[PDB]
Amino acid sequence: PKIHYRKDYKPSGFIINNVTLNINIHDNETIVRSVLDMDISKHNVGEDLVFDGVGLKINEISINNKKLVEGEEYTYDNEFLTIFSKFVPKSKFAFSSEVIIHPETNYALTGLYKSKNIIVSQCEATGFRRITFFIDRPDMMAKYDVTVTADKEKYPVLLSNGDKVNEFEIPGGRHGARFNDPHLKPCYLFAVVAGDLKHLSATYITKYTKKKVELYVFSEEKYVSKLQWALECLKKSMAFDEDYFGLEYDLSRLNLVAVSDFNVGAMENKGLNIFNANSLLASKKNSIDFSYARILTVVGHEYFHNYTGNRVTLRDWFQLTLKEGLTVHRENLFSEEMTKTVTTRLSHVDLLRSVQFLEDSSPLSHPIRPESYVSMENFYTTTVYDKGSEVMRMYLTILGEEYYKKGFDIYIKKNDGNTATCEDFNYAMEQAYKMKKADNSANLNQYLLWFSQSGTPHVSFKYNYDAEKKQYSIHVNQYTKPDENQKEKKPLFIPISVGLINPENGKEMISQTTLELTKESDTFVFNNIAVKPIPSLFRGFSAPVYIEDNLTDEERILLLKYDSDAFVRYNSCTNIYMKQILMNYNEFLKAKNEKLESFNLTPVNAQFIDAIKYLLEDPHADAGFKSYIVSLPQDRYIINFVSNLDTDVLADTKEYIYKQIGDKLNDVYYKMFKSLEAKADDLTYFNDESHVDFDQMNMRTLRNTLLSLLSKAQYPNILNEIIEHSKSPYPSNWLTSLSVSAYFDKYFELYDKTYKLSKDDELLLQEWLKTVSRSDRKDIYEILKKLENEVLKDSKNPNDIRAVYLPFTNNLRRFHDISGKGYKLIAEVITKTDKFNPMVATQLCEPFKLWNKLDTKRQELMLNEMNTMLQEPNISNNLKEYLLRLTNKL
């Protein structure tokens, strides 16, 4: 394979100052004419001029109106257009090309493509080169003048980045519109849209300069009523960036557009953000609760990119985390502020410690700033995004709010209108750090290892108390496992947010403090500690690490009950469950391997179960928090602690634990399920698409979690409750009725009822597909075959493909069937999908990431499917790189 290395970055020998496009959309072809006003840079050494250009049909090429000819002045191999250096001018010049492309057949959803009846672009990372020739890299910044023409009847709305400066009629029923984007930008931020779109709009007045900005949100006609919450969340995002960061929007207009066919969530094209319809469109009658959270976060995310990615952009793709990690952090701060519930931060932690930690212990492990790539697309990872966000968040933890805001402002101002690197950000933070410490010798040089060093640190603790001296010490060690990226690991700068809880009364003993661990180990000593404490460690999840608290289950129970920090409470509960899981897992595993006729299991701690009941029954405790405590840790979290994992033994483990707890708590669970009904399903705001009560949503989450527990338990007469729940006006409730009915004969009747309620809304049908796919059904393989034949069919919509298959892959017992038939099925779907959408094909590989953690028979089966995929002729470079890295071949 063809490998790019971070160390080999060099500025181009060329400059592209202005781009002038004419994009003429016809029924069976789109013609792109482009003039690049170019120059020679200070770095030029008389090299050939090489443009990226993939799958383009050339009509004409010229320089300064001189036609250039293939074989004589240029070559083109379907990937790169080479102009021989003799024909490259030595000062300012105009490069012209006209090419033909075919959006109607572009099923990879990169470049210019057709989504239902909308023509739309996606250029990040390497898609602009599929539209026209460019030096397609983020340091090549230019200004854009864009004309789009099309049939007026078919495509009455035409959008590109920036100010619409003209609109005109064209003979033969066509029309045009011209856009001028005054902000310099890399080509990955170019966008165009053409369709029969409807919109909602509002005017926003900026807080400091009082600029009027027109906000438009667009969709196809059928779903225009599903746009309101998106528009509200944009207003919220604009206000937050003003209020926290002092940042105002910088154009007269901002458009958000929903399209049905999209590879990921959304894209931050300047003044023209394009979204997966699943991350922009909702209505309370036709969307599950989690849609509202998703839309809020994705609209926020794309909005926050306007500074962290757009106004300050990337020097090169190795810097991706500078924009994504930072924008995820911004989005997470925003989400926490808007939702005002502790479950928000917990959900982010849960995602990191399950999905991102698994990736970091896998053969795909990379630092948040990678050293190399074949296909840059494979580096849009949970590591880059979510671990990057936690690295971006640690600066806030270390600095505090005032000095964090100072450093961020230094960064955003110094680098405005330009490219930047991870170092520039660390430098700005270091300036703030020097001011905070009042010491111009302080530095964050060590901090850079968070960018360069892969893997998750393990942080462990020992404690000692001296009652005569009233003195307490916390001794801390960090360790990062060696891996293929560094054979020797270095200690990081780990900030440890701590409190100390009095076990006697459950109250705080110190002002919260942030310990700055910089060595491989250190002991932190506290005076005037009047009794032996229980430490409250890594409050807020203050660094992205494995925590070994070295606490007894009794001490963990006391934190779960009485500590003030939601993460530490949650983590204490997590740790009690993990100890029990590992113990019971080993018990079942030994009995299976030894063919024992009889053996013991360690029961669940009875004092823990009493604590869960105390929490659940406390009407003033948090409903979203309650849903986390009654749930075991996610399977992908658990698998980070087990080697050679027998998935069926784990499935048996989890069932034993759940049954133990339900045998004590099911009556409490029932009583709560009923008591919660009035407040949970209250219809206040049911007609208001501008407001969501997140606490009330968490109450529904808790009710549906309890209902799942009680349904799996066959609690007496619970089928009645399930039938009543299916008549709720909330889709979150009536789709839950479907999956919980899996344990009863009523399953197929509820399957039909909910299908009928879902089938006329594209996005609701997808939620129905997921609900079926994750259903705990012994006949799930036959249900999947029915979904394929009756609903999915030959759809190329990534949302449909992902809906049908990904939830099923989380079915621990059935996806991991010892025959390998799960593995075979998903490998077939990956190979099928790779023939038209390589990016979605790599997304569908996600279940294979843990292959080398499994028992040796399941390792072998997975490995055989991965090698079969790798032998597929015409495998994409995306899928081939991914799979070669994953199987330790690259």
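The first residue of the shown sequence is 1; numbering continues from there.
Averaged over CA atoms, B-factors in the entry run higher in 504-512 than in the other of 661-669 and 504-512. Comparing the deposited coordinates for 720-728 and 687-695, the stretch with the larger average C-alpha B-factor is 720-728. When the C-alpha B-factors of 655, 169, 124, 386 are read from the PDB record, the largest value belongs to 169.
Residue-level inspection of the entry shows that, of 585, 577, 134, 755, 755 has the top Cα B-factor. In the deposited entry, the Cα temperature factor of residue 785 sits in the top third of values across the chain's modelled residues. The deposited CA B-factor of residue 64 belongs to the middle third of values across its chain. In the deposited entry, the Cα temperature factor of residue 41 sits in the middle third of values across the chain's modelled residues. Among the modelled residues of the chain, residue 351 sits in the middle third by CA temperature factor in this PDB entry. In the deposited entry, the Cα temperature factor of residue 310 sits in the bottom third of values across the chain's modelled residues.
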